[PDB]
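For reference, positions follow the sequence shown, starting with 1. Order of appearance sets the numbers: ligands from 1, and atoms from 1 within every ligand. Just the heavy atoms: all of them, side chains too, but no hydrogens, waters or symmetry mates, feed the values below.
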Amino acid sequence: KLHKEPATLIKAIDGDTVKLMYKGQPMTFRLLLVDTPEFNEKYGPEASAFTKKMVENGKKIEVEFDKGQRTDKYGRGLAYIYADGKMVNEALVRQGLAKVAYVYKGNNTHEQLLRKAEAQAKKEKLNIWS
Ligand SMILES: [Ca+2]
């Protein structure tokens, strides 16, 4: 089973990448199963702003690694990130500020939940889907 673990915000970087103190070591995390636009792309600043606000304003930030590979090729931790028990990955997709990403190395536990969010944001023609 997956477990949520505590972490502390160091700096929000963009829509899908965030730097956290995890077990007393600073690490860059990349959100599983979502792709936000890059800052210089349409909805990029909006996605960055969204993730920044959610993590900065949360009382408690948690990381939940999945069952597949835990780091990407660029050294980033691959997790679901929660702020006060709300998943940032899902919130971005349901807001139409990220699309669901390909599965990477077995990390698929929340794929269906995120696809459901995405279908609803698309039906609502929200943001990226506008
Ligand atoms: Ca991206």
Side-chain angles (χ1 to χ4, degrees):
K1 329 107 202 182
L2 301 196
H3 296 100
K4 297 179 179 131
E5 306 177 53
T8 302
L9 176 73
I10 293 173
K11 160 176 191 62
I13 289 168
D14 79 348
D16 60 30
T17 303
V18 54
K19 179 124 66 162
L20 310 173
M21 194 66 78
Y22 172 66
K23 298 189 168 162
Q25 279 310 303
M27 176 64 280
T28 297
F29 284 81
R30 169 65 166 87
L31 293 191
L32 281 171
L33 291 174
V34 306
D35 286 321
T36 53
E38 302 294 331
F39 185 72
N40 73 304
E41 299 176 335
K42 206 186 176 163
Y43 300 104
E46 283 86 357
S48 285
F50 186 103
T51 296
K52 179 170 170 73
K53 183 170 185 201
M54 186 162 181
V55 305
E56 278 190 355
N57 290 5
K59 299 193 297 159
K60 290 180 187 170
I61 299 315
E62 293 168 297
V63 298
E64 177 184 56
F65 290 96
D66 207 338
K67 68 198 179 210
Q69 289 181 30
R70 277 94 185 256
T71 311
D72 69 9
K73 311 276 209 302
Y74 298 105
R76 306 183 289 190
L78 293 176
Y80 309 105
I81 300 308
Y82 296 82
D84 297 330
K86 302 307 191 48
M87 200 196 305
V88 178
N89 310 52
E90 186 185 3
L92 282 161
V93 173
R94 181 59 183 89
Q95 210 73 31
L97 296 175
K99 293 188 171 187
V100 178
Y102 295 124
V103 175
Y104 182 77
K105 312 302 193 168
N107 296 295
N108 67 348
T109 289
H110 299 314
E111 181 184 24
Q112 288 309 117
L113 171 76
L114 296 168
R115 285 276 185 208
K116 293 176 253 144
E118 183 181 64
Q120 189 59 33
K122 182 170 176 188
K123 176 178 174 132
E124 288 177 9
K125 296 187 180 315
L126 184 55
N127 295 310
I128 287 180
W129 306 108
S130 80

Among the N/O/S atoms of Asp16, the Ca ion (ligand 1) lies closest to OD2
Identity of the N, O or S atom of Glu38 lying closest to the Ca ion (ligand 1):
OE2
For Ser130 and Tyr43, what are the C-alpha separation, side-chain angles and deciding distance, and is it a side-chain hydrogen bond (donor to acceptor under 3.5 Å, both in side chains)?
CA-CA 11 Å; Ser130 80; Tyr43 300 104; 2.9 Å; yes
Parallel, tilted or perpendicular: ring planes of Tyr80 versus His110, cut at 30 and 60 degrees:
perpendicular
Do any of the N, O or S atoms of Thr36 sit under 3.0 Å from the Ca ion (ligand 1)?
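Yes.
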Answer yes or no on whether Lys4 is positioned over the face of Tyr82, meaning its NZ or CZ is under 6.0 Å from the six-membered ring centre and within 45° of the axis.
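Yes, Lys4 and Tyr82 form such a contact.
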Go through it in stages, so that I can follow the logic: the residues are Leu2 and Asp66, the test is side chain to side chain contact (heavy atoms under 4.5 Å, CB included), and I'd like the CA-CA distance, side-chain angles, deciding distance and then a yes or no.
CA-CA 6 Å; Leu2 301 196; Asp66 207 338; 3.8 Å; yes
